[PDB]
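Here's the structure, in structure tokens; my notes come after.
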Amino acid sequence: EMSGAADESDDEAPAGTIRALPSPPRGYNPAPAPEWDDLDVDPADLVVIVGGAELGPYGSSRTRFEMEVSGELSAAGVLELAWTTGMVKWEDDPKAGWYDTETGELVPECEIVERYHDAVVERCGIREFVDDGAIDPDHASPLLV
Amino acid sequence: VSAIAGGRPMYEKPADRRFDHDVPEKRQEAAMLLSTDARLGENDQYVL
Amino acid sequence: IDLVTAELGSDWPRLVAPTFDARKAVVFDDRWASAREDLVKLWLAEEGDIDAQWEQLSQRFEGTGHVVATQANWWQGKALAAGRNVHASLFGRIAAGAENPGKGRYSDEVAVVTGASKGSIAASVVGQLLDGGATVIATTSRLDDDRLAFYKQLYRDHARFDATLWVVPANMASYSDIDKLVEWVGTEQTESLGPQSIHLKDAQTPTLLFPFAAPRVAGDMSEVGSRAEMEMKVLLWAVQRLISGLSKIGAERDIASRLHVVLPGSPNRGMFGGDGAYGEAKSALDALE
Amino acid sequence: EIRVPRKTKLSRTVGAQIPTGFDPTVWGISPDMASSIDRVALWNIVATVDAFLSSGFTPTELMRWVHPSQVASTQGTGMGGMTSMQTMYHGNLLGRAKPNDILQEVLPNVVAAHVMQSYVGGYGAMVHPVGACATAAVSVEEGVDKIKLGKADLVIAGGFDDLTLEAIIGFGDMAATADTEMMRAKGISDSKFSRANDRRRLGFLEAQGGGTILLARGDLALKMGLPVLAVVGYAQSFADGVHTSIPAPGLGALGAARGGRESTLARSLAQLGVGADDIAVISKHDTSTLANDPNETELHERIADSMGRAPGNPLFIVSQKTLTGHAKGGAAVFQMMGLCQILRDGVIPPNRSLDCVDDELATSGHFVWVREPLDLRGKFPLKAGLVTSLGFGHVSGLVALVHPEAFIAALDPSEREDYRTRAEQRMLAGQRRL
Amino acid sequence: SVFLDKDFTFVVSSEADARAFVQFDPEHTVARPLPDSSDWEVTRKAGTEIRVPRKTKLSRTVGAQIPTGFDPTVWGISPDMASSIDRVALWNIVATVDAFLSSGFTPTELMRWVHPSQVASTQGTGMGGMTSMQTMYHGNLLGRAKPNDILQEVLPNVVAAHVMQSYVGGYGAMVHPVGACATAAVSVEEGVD
Amino acid sequence: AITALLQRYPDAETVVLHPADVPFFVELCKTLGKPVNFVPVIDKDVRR
């Protein structure tokens, strides 16, 4: 009976088209109580960070922070990485949209995770050294005696 | 003039003040960096 | 080699390949580190009120105590203020837990458990052994980090004071593994630091032995039908060599300590015809006695 | 005398590398620049652009509020220009056609020199620290120094380094890098082999990249109306001392905690009305080497101990090297970046590479090592972080970072409300531009 | 770099070195165990890449050089240091000693008046460690025996790091400007700062 | 209808039309059954 119950399937109709995208980054304030005097501190003597950025194995500061804190990319996470890794291209040719750079195929924002992220994770972050110098230290490094 | 003639001016230090007594100084290593006014006495010839 | 293969079959030589090596072992003796992270996670995430039985269960898991873990609890508790109701309940409960920690005692048990994997009887036994202040050798067939992460999750929950857990890659089908494993289990408990790192094999005389290793029927290589023949080596013969192996160590290193081997007998042979596996195989345990 | 071609097999098969398919061209760098300049230059050039994008875009907008000679560039390197260096010494000895600009392009200062020529066009200070592994935090220190003395009101601080062939063979020979053949023997995947404070930590993973931050005068930031990411409460580099022993690590970073209430660390905090207990997070260098991790831990344990850190109020510490790997020059900036992101979001990143905490580290009670992310929501704020980095040859450094909202408290309620108005308008315009 | 037009005559090599040969060429090179001597023969076929020694004449025959016969040893630097460190290091090391000699000698006398963390080192370079750099990139590509400390010794900051280890022993700041030609004055600026 | 949708997605009120959503709208103007009542873009086709 139970194998049969497992062997007897059925399809409940599911019609779904899902996409992935987000609003521009916002900031969530924290609740902090401060008893302070105003004029006391000289603003000319203070050093303040206006902005910052980074280029590294995980991409920019936005994508790296997502991987560090979360461990998985958001919609904007994969969209940005696929752009930086050069998976997605932008053509003004007809159909006017985001296109896959390798195979020359039009892509939406949803399938970015499905079509790419699997390959993105492998080819981003830490991995076996990909040879852009036609030399592999671990395999073969040119010697002359 | 004493340095120029004798070849004296370069002496590579054994770092006596660091290890001076093996047991306590390794323990005193923390205490030194922690407290402000701890310094070298001259009379023992620069002891820590 | 063709004749030997002709007799034994295709799957037998391939599955009998060696697995265990002395360098892949992983030891978790730290409660002190895992207990501190365990408390702060409770303290921050506290929702349910004092009526919860989980708070009493977690307090028994936090019963691991020493100068180290007390310095953690006594602090986050003393740093807690009167700010809210949760802060009033946390501070009081923590101060009580800090007091119960000071007087905490421990027991000791040295056990070797096989077939300890997730969603099983032995896994419930393992965490409970760890709950009883024991020292447990846990073997896993799959060495993948998904299995490795599970035992870390299981340990950081159910570990008490004096509790040390050991996870290793192991194959009960391999005689080499059995010999190599117990040769590791019985040697020294010593760690030599020379120019390099050499860990001499940890010696703990087993109190309890739990051969719960349970091969399942999965036939991808076509092995079907020959398995009940091979498992008779694993379930009995290799256990026999496992019992013999720990008997040698005990005799050579000269202990009068009795290793208690719980024999996982199948319930009531002969009155069930539907099991098909358990009922017949375990009736020879009466012959093993 | 004949030189005959041969080969060698080496230990390091893995590194932390910028995601495959990265191009400076996609970011919009012209092909002429890509050719003429070292790979390391492409890292600092794009990073500087994206660093500005956090607030303003056109670099000459700085010349509206400020005389151009008050714009500074403080940019650190451990080596820098590595490719351009290895390009000359091969090429010349090999007589291959190589560029004429080589020695200019191998100067570790030439990279941001290229950025000043191409982008900002400032008439002011240029400094280029060498901190080995600590350049990033060492750079911040001098970027801070340039502002307070009125030499320049706007500085760019950062560090960058590259990963090449002979960078690897120098570390692997020095024994300081983790040996991949040994890692695979222990069943360690490439993502799991950088583990800080772990019992099994085998030495550091080498990486490549670069990062920069824009440090400014607090008065200017309000006046320009840019975003305030954090307040730098202090920055310092510190040496160690005379000794023979090669494993013996530098402890000199403790000099910042000297004096207690009179200490630089506590006074920096106290000026914001912040206590010693109010540093929740320290960003360790966390090289995953056996030498650095316990020493840096003992160091952070002691700087807390003497300053009167309440017993068992431990500094929650993140290791970013377990993720990003170790990039020598741009080490402490990636930590600097992460620390700002820690302060604003409140979230304290985990070390997910931690299987087990080293049993030696138990002696440190003011230190807590977190394996899982502790995410701080709106009801659970945070205050101040600390970036610490230990370079080679007694280069040690400390950067005290403090939450932006501590600065907004000095404006009085009328001007405080007036600033939030400007900062809010900038964020909307900033999101637009980005 | 030249491509071999016809197969080169076999040469004797060790098993470790000959297996390496195979890792570059492998369709183009051929290696065999010699049963008696256990070593390997290396035969390069047609299509292999060979690097053949040549020469060049250059324009600059003159430079401003430290007087001939200078030795760090005469100044009293130990032979172990001379070996392990780049030539540029010997310059900054002796200069620092003679710089102190202007006033005090024992660097720890500074620790009488001052807490050691208040001693700073700001030392600029245009490149620095040049020898140690060119030593690696030759040596590695040439498989010649070269020192293991190379990358440590090529860090332009490592030179005064060597001085702080050997002499002053300060617990305080270390900065190392790159000013190209201007590092010196750029260094003073930060030393002042 | 407008209120119903953008209540579910309140973020639509504070943000920009996505750079990839701009070509889509201009594309829809070209395929529209009855020609658009306005001018969506100033470009080479502005006469059309």
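The way I read the labels, and the way they are meant: chains A, B, ... in the order of the structure tokens, residue 1 as the first residue of every chain, and ligand 1 as the first ligand shown, with later ones counted on from there.
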
Please identify all polymer residues within 12 Å of stretch 62-68 of chain E, counting only C-alpha atoms, omitting same-chain residues fewer than 3 positions from it, and present them as a PyMOL selection string. chain E and resi 58-59+71-72+87-88+91

For residue A:144, list every protein, DNA or RNA residue within 9 Å, evaluated using only C-alpha atoms, and leave out those in the same chain fewer than 6 positions away; present the list as a ChimeraX atom specification. /D:3-7 /E:51,139-144

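For chain B, the residues close to chain E, meaning within 6 Å and counting only C-alpha atoms, are residues 7, 10, 12 and 40 of chain B.
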
Env of stretch 63-80 of chain C: 6 Å cut, atoms = only C-alpha atoms, seq-sep filter 6 positions within chain, self excluded. Answer as a ChimeraX atom specification. /C:32,91,94,98,101,160-161 /D:312

Could you save the residues just selected, with N, CA, C and O atoms, as an mmCIF file, in the first residue's frame?
```cif
data_model
loop_
_atom_site.group_PDB
_atom_site.id
_atom_site.type_symbol
_atom_site.label_atom_id
_atom_site.label_comp_id
_atom_site.auth_asym_id
_atom_site.auth_seq_id
_atom_site.Cartn_x
_atom_site.Cartn_y
_atom_site.Cartn_z
ATOM 1 N N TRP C 32 34.886 23.419 26.340
ATOM 2 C CA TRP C 32 35.079 24.778 26.854
ATOM 3 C C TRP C 32 34.799 25.841 25.799
ATOM 4 O O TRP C 32 34.241 26.900 26.092
ATOM 5 N N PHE C 91 19.144 36.983 33.731
ATOM 6 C CA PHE C 91 20.095 37.272 34.800
ATOM 7 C C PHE C 91 19.942 36.317 35.981
ATOM 8 O O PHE C 91 20.931 35.829 36.528
ATOM 9 N N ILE C 94 20.827 32.681 34.841
ATOM 10 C CA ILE C 94 22.258 32.569 34.588
ATOM 11 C C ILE C 94 23.054 32.530 35.888
ATOM 12 O O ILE C 94 24.034 31.794 36.000
ATOM 13 N N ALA C 98 25.310 29.653 37.005
ATOM 14 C CA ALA C 98 26.697 29.923 37.357
ATOM 15 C C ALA C 98 27.033 29.290 38.702
ATOM 16 O O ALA C 98 28.167 28.877 38.939
ATOM 17 N N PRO C 101 27.160 25.534 38.196
ATOM 18 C CA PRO C 101 28.353 25.202 37.431
ATOM 19 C C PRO C 101 29.553 24.997 38.349
ATOM 20 O O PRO C 101 30.387 24.125 38.112
ATOM 21 N N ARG C 160 28.759 17.199 27.740
ATOM 22 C CA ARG C 160 28.919 17.635 29.124
ATOM 23 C C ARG C 160 30.394 17.847 29.443
ATOM 24 O O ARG C 160 31.249 17.793 28.559
ATOM 25 N N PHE C 161 30.672 18.103 30.719
ATOM 26 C CA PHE C 161 32.038 18.150 31.227
ATOM 27 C C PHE C 161 32.677 16.770 31.093
ATOM 28 O O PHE C 161 31.974 15.761 31.035
ATOM 29 N N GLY D 312 35.296 38.473 31.142
ATOM 30 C CA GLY D 312 34.374 37.727 30.308
ATOM 31 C C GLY D 312 33.453 38.576 29.449
ATOM 32 O O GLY D 312 32.311 38.198 29.189
#
```

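Look at residue C:260: the protein and nucleic acid residues within 7 Å of it, using only C-alpha atoms and passing over chain neighbours fewer than 6 places away, are residues 207, 208 and 209 of chain C.
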
Selection from above, N, CA and C atoms, as an mmCIF file, in the first residue's frame, can you write it?
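This is the output file part-v2.cif:
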```
data_model
loop_
_atom_site.group_PDB
_atom_site.id
_atom_site.type_symbol
_atom_site.label_atom_id
_atom_site.label_comp_id
_atom_site.auth_asym_id
_atom_site.auth_seq_id
_atom_site.Cartn_x
_atom_site.Cartn_y
_atom_site.Cartn_z
ATOM 1 N N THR C 207 35.253 0.676 27.200
ATOM 2 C CA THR C 207 34.324 0.127 28.176
ATOM 3 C C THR C 207 33.194 -0.544 27.410
ATOM 4 N N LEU C 208 32.470 0.257 26.636
ATOM 5 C CA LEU C 208 31.345 -0.229 25.847
ATOM 6 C C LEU C 208 31.689 -0.277 24.361
ATOM 7 N N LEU C 209 31.229 -1.326 23.687
ATOM 8 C CA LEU C 209 31.399 -1.451 22.244
ATOM 9 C C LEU C 209 30.033 -1.632 21.587
#
```

Give me, as an mmCIF file with N, CA and C atoms, in the first residue's frame, all polymer residues having an atom no more than 10 Å from residue D:181, counting only C-alpha atoms and skipping those fewer than 5 positions away in the same chain.
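Below you can see selection.cif, which holds the result:
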```
data_model
loop_
_atom_site.group_PDB
_atom_site.id
_atom_site.type_symbol
_atom_site.label_atom_id
_atom_site.label_comp_id
_atom_site.auth_asym_id
_atom_site.auth_seq_id
_atom_site.Cartn_x
_atom_site.Cartn_y
_atom_site.Cartn_z
ATOM 1 N N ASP A 138 52.464 24.733 -9.791
ATOM 2 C CA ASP A 138 52.267 23.411 -9.219
ATOM 3 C C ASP A 138 52.550 22.289 -10.207
ATOM 4 N N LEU D 10 55.808 22.079 -8.253
ATOM 5 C CA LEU D 10 55.734 22.846 -7.010
ATOM 6 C C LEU D 10 54.533 22.489 -6.143
ATOM 7 N N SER D 11 54.601 22.917 -4.889
ATOM 8 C CA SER D 11 53.652 22.509 -3.863
ATOM 9 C C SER D 11 52.296 23.215 -3.903
ATOM 10 N N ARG D 12 52.272 24.484 -4.301
ATOM 11 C CA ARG D 12 51.036 25.254 -4.210
ATOM 12 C C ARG D 12 50.240 25.186 -5.508
ATOM 13 N N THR D 13 49.125 24.462 -5.471
ATOM 14 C CA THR D 13 48.252 24.331 -6.633
ATOM 15 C C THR D 13 47.036 25.249 -6.576
ATOM 16 N N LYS D 186 44.947 15.438 3.969
ATOM 17 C CA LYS D 186 44.127 15.534 5.172
ATOM 18 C C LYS D 186 42.647 15.651 4.821
ATOM 19 N N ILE D 188 41.241 18.049 2.751
ATOM 20 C CA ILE D 188 40.817 19.442 2.789
ATOM 21 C C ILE D 188 40.556 20.001 1.393
#
```

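Minimum atom-to-atom distances from D:185, D:299, D:138, D:154 to chain B were compared using only C-alpha atoms, and the lowest value belongs to D:299.
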
Identify every residue of chain D that has at least one atom within 7 Å of any atom of chain E, counting only C-alpha atoms, and report the result as a PyMOL selection string. chain D and resi 2-9+78-79+86+89-90+107-109+127-132+138+142+145-146+166-167+170-171+173-174+236-243+252+255+393-395

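Across the structure, atom CA of residue A:98 and atom CA of residue A:23 are spaced 18.2 Å apart.
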
One-decimal distance in Å that lies between atom CA of residue D:355 and atom CA of residue C:215: 28.3 Å

Write out as a list in words which residues come within 12 Å of residue C:255 when counting only C-alpha atoms, dropping same-chain ones fewer than 4 positions away. residues 186, 204, 205, 206, 207, 246, 247, 248, 249, 250, 251 and 259 of chain C

Chain A contacts to chain E at 10 Å (only C-alpha atoms) as an MDAnalysis selection string: chainID A and resid 135:136 139:145

May I have the residues from that selection written out with N, CA and C atoms, as a PDB file, in the first residue's frame?
```pdb
ATOM      1  N   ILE A 135      51.786  29.349 -17.575  1.00  0.00           N
ATOM      2  CA  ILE A 135      52.678  28.660 -16.648  1.00  0.00           C
ATOM      3  C   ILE A 135      51.938  28.184 -15.398  1.00  0.00           C
ATOM      4  N   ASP A 136      52.195  26.946 -14.997  1.00  0.00           N
ATOM      5  CA  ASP A 136      51.610  26.424 -13.773  1.00  0.00           C
ATOM      6  C   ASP A 136      52.712  26.165 -12.767  1.00  0.00           C
ATOM      7  N   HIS A 139      52.188  22.492 -11.470  1.00  0.00           N
ATOM      8  CA  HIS A 139      52.397  21.454 -12.471  1.00  0.00           C
ATOM      9  C   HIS A 139      53.779  21.594 -13.093  1.00  0.00           C
ATOM     10  N   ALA A 140      53.946  22.598 -13.949  1.00  0.00           N
ATOM     11  CA  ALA A 140      55.213  22.785 -14.648  1.00  0.00           C
ATOM     12  C   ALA A 140      55.709  24.232 -14.663  1.00  0.00           C
ATOM     13  N   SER A 141      56.832  24.467 -13.993  1.00  0.00           N
ATOM     14  CA  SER A 141      57.452  25.785 -13.944  1.00  0.00           C
ATOM     15  C   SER A 141      58.813  25.740 -14.637  1.00  0.00           C
ATOM     16  N   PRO A 142      58.976  26.534 -15.709  1.00  0.00           N
ATOM     17  CA  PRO A 142      60.172  26.546 -16.563  1.00  0.00           C
ATOM     18  C   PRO A 142      61.479  26.737 -15.797  1.00  0.00           C
ATOM     19  N   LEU A 143      62.440  25.854 -16.057  1.00  0.00           N
ATOM     20  CA  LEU A 143      63.740  25.885 -15.394  1.00  0.00           C
ATOM     21  C   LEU A 143      64.815  25.936 -16.480  1.00  0.00           C
ATOM     22  N   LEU A 144      65.904  26.663 -16.238  1.00  0.00           N
ATOM     23  CA  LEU A 144      67.068  26.610 -17.131  1.00  0.00           C
ATOM     24  C   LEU A 144      68.412  26.473 -16.399  1.00  0.00           C
ATOM     25  N   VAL A 145      69.093  25.347 -16.600  1.00  0.00           N
ATOM     26  CA  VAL A 145      70.361  25.094 -15.919  1.00  0.00           C
ATOM     27  C   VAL A 145      71.566  25.576 -16.721  1.00  0.00           C
TER      28      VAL A 145
END
```

Contacts of chain A with chain D up to 7 Å, shortest pair per row, only C-alpha atoms, as a Markdown table:
```
| residue | atom | partner | partner_atom | distance |
| --- | --- | --- | --- | --- |
| A:24 | CA | D:431 | CA | 6.1 |
| A:28 | CA | D:345 | CA | 6.5 |
| A:29 | CA | D:378 | CA | 6.2 |
| A:30 | CA | D:378 | CA | 4.7 |
| A:31 | CA | D:381 | CA | 5.8 |
| A:32 | CA | D:381 | CA | 6.7 |
| A:36 | CA | D:409 | CA | 6.1 |
| A:37 | CA | D:410 | CA | 6.0 |
| A:38 | CA | D:410 | CA | 3.7 |
| A:39 | CA | D:410 | CA | 6.2 |
| A:41 | CA | D:410 | CA | 6.6 |
| A:43 | CA | D:219 | CA | 4.8 |
| A:44 | CA | D:219 | CA | 5.6 |
| A:45 | CA | D:148 | CA | 5.3 |
| A:46 | CA | D:218 | CA | 5.5 |
| A:47 | CA | D:217 | CA | 5.2 |
| A:48 | CA | D:231 | CA | 4.5 |
| A:49 | CA | D:215 | CA | 4.6 |
| A:50 | CA | D:228 | CA | 5.2 |
| A:51 | CA | D:54 | CA | 5.0 |
| A:52 | CA | D:213 | CA | 4.0 |
| A:53 | CA | D:51 | CA | 4.5 |
| A:54 | CA | D:211 | CA | 3.9 |
| A:55 | CA | D:210 | CA | 5.3 |
| A:56 | CA | D:209 | CA | 4.7 |
| A:57 | CA | D:18 | CA | 3.6 |
| A:58 | CA | D:19 | CA | 6.5 |
| A:59 | CA | D:18 | CA | 6.5 |
| A:65 | CA | D:338 | CA | 6.9 |
| A:68 | CA | D:349 | CA | 6.2 |
| A:69 | CA | D:349 | CA | 4.8 |
| A:84 | CA | D:22 | CA | 5.7 |
| A:85 | CA | D:21 | CA | 4.3 |
| A:86 | CA | D:21 | CA | 5.5 |
| A:123 | CA | D:20 | CA | 5.5 |
| A:124 | CA | D:19 | CA | 3.9 |
| A:125 | CA | D:16 | CA | 6.1 |
| A:126 | CA | D:16 | CA | 4.3 |
| A:127 | CA | D:14 | CA | 5.9 |
| A:128 | CA | D:14 | CA | 4.5 |
| A:129 | CA | D:14 | CA | 5.3 |
| A:137 | CA | D:10 | CA | 5.6 |
| A:138 | CA | D:10 | CA | 4.1 |
| A:139 | CA | D:9 | CA | 5.2 |
| A:140 | CA | D:9 | CA | 5.5 |
| A:141 | CA | D:8 | CA | 5.1 |
| A:142 | CA | D:7 | CA | 4.6 |
| A:143 | CA | D:6 | CA | 4.3 |
| A:144 | CA | D:5 | CA | 4.2 |
| A:145 | CA | D:3 | CA | 5.3 |
```

Skipping near chain neighbours, those fewer than 4 positions away, what residues fall within 8 Å of residue E:8 using only C-alpha atoms, listed as an NGL selection string? :E and (4 or 43-46)

Show me, as a ChimeraX atom specification, the residues of chain F whose atoms get within 9 Å of chain D, using only C-alpha atoms for the distance check. /F:14-16
